[PDB]
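Below you'll find only one chain, the form deposited in one PDB entry, shown as structure tokens.
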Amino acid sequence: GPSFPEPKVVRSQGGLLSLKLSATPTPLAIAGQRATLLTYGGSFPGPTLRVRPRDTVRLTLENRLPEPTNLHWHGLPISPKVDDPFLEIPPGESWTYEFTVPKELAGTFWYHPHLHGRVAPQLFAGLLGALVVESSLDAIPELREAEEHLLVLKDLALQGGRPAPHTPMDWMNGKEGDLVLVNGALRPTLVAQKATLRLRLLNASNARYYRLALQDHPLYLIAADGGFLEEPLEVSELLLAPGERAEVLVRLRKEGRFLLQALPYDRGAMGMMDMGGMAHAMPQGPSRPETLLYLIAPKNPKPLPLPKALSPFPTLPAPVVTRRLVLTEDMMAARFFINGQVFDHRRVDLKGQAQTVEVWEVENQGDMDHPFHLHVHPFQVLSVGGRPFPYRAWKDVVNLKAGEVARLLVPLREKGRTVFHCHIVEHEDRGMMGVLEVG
């Protein structure tokens, strides 16, 4: 096979991507060992769906799990009557999602379960896959001539040949695994054939963060979760929180082997200790460094020039309301709150007007990082922790460290009921989610 493993791609044909996927326990070979995971399409990750704007997607999901499940089309600005976070597909039953890909859209998106209370174990077990929306921008020489790869960053822990069960501490912290994988492979080797790489990055982990750095190289950010930046942005490293995506150009500078690493990062996960009459919570501290892949540069690399521009960001109408959403924690209870409440599917929390713009101020009053996700309505991050964002682009997840306030500009698009929640999926399952109704 290709030294670099990537999920199989399924492309739309004549403007239609019609596909039947099954969610099923699947025996497979994973990181040198045999395990049974929960998969879509018999693979981990699931197949990459590759579409263009205005395509019709017709995806029939067959549920072959012992529990109910559904799909969240993460990041897609489509109707919540399609991307329905309240829908339940019972074991043995099927449901067809049908939608048109929005005309003004490009980037890396993904699909995974969103049945409240069951997301963390289902995602941790292997249920996820990517969706790429191809753009006319991909035809510019500086992108067309780059070597393109998808990197699905997802960790795993195995016990008795199955995904390790959630502990009480896992529900508090979000579960992380010792197998830190790229496209379901353990430290794969990418032997570059071109000097410029275009990497689409997806954090599909329950809770693990990836503080990305390539040895000896900067990265050039060209897209965030939901679309291109206006121009490339040079960065020395790039933090991807759970649920986030990014696309970078890598400009290989000389021959050799370069490690792509997840550098140490402290997201505020907690342990317990007892030092002679305690038994109380203590910080886990920064993650241990991980090597994600080995990048081998070609001979005498001469990278392409960077594109001078990407996509102009839309000029948005002036906002008509400001919202404040405060995140808090009860760590020992593994309970998580938005404005003092836990999720209730029957309760509407915010009511907004389609085609208006809102300012959402999301404040983290907890001690853990929380990555805040909104369905259906991509947003522009204005600032976080009081620091202006250095680029304009569509995002749908924004990470907040302890005490930080994020200011978001949120155009309301499709009408209907949808949700917002922490994308530490254990925290969502444990209540950190609310309901937005757009009319």
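Don't overthink the numbering: it's just position in the shown sequence, from 1. By rigid core we mean the largest C-alpha set that fits within 1.5 Å across both forms. Only residues modelled in both forms are compared.
For the pair 114-122 and 243-251, the mean Cα B-factor is higher in 114-122.
Of the two segments, 157-165 and 190-198, the one listed with the higher mean B-factor is 157-165 (C-alpha atoms only). When the C-alpha B factors of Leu59, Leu412, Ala35, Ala31 are read from the deposited coordinates, the top value falls at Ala31.
Residue-level inspection of the entry shows that, of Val384, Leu374, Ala393, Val51, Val384 has the top Cα B-factor. Split the chain's modelled residues into thirds by C-alpha temperature factor. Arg407 is in the middle one.
Among the modelled residues of its chain, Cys422 has a C-alpha B-factor that falls in the lowest third according to the deposited record.
In the PDB entry, a CA B factor belonging to the highest third of its chain's modelled residues is recorded for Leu65. For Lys20, the recorded CA temperature factor ranks within the highest third of the chain's modelled residues.
Among the modelled residues of its chain, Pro47 has a C-alpha B-factor that falls in the lowest third according to the deposited record.
What follows is about the form deposited in another entry, which we do not show.
Large C-alpha shift between the shown form and the other one, rigid core held fixed: of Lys351, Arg347, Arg324, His280, this applies to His280 alone, with a displacement of 2 Å or more. Cα of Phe336 to Cα of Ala279: at least 3 Å longer in that other deposited form than in the shown structure. Relative to this conformation, a decrease of 3 Å or more in the Cα-Cα distance between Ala279 and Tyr265 is found in that other deposited form.
Residue ranges 1-3, 274-282 are the runs of 3 or more whose C-alphas all shift by 2 angstroms or more between the shown form and the other one once the rigid core is superposed.
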